[PDB]
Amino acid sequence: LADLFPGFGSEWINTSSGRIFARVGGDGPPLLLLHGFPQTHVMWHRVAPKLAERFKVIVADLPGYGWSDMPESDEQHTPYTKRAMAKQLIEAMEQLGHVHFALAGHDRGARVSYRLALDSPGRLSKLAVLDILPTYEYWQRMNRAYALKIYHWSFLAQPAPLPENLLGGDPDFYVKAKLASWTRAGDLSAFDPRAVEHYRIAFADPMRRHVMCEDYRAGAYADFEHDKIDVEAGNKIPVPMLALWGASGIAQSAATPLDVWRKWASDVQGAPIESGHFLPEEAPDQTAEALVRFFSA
């Protein structure tokens, strides 16, 4: 497995819920980058060096993902709720002395991120979310067209071991299908093959796949419930936030992303990028520049 962050350190951050793996590089204000599904921290390998010019970049595997420990889940998928993940990552950042930091998340990590910003906004200077809407919004908009486009939201949320048993027949196919289908090009050409190897190898572990399902089960239940309470109480993210989304990505398919986020965030700017879902690998320069600009403000 290639090192795609030459010059970055490697940290195993112990937390009460298990170790967080993270590549660490650069200097300046702390910036935490959170990947999503079905990826690992290495998805930032094209934009993290550019950010590392200006920030201490911390590129963490989510709890349960990549090389991070996998907290044992429970009946309510608690450790893989974005609330628990946010808590664990806050803990991890505290081990490094970062009690106030900037945060950019993509996909699942973007969901940890806005949930972190709702639960503990004092921890965040600025927040960027990449190609998501709040979990609540996906579910609330889940009509026929959207059920087809993000079927995996309901499929992977099916009770164990149904998704796990189907994914275990040919894990490589599924991780590759999900990577391909949500690029602008519809293939694996936007990805560095050494990165795909990271994704493929992470997905080959049956425990890692279970965790991903647990994350999706949390996404269907507790994460939705947590979001529901906030949107029905009018709790908005008070942290300055950037919402970046792909013109060909998931977030824009069932809503205008900046309109949705303005319901969720008191101070949100948005920009589309010509890209599928995987902004940091499909459009690395345009993404890194959007992030450098936002976080330098």
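In this text, residue numbers run from 1 along the sequence as written.
Quick check: 132 to 140 versus 185 to 193, which has the larger average CA B-factor in the record?
Between 132 to 140 and 185 to 193, it is 185 to 193 that shows the higher mean C-alpha B-factor.
142 to 150 versus 216 to 224 - which carries the larger mean C-alpha B factor in the record:
So the stretch with the higher mean C-alpha B-factor is 142 to 150.
Highest recorded C-alpha temperature factor, please, choosing from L62, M43, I58, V260.
Of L62, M43, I58, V260, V260 has the highest C-alpha B-factor.
Chain thirds of CA B-factor: placement of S120
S120: CA B-factor falls in the middle third of its chain.
Can you work out whether the C-alpha temperature factor of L279 puts it in the lowest, middle or highest third of the chain?
It falls in the top third of the chain.
Relative to the other modelled residues of the same chain, rank the CA B-factor of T81 and answer lowest, middle or highest third.
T81: CA B-factor falls in the lowest third of its chain.
Looking at the C-alpha B-factor of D107, is it in the lowest, middle or highest third of its chain?
Within its chain, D107 is a lowest-third residue by C-alpha B-factor, going by the deposited values.
Could you look up the Cα B-factor of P49 in the entry and say which third of the chain it sits in: lowest, middle or highest?
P49: CA B-factor falls in the highest third of its chain.
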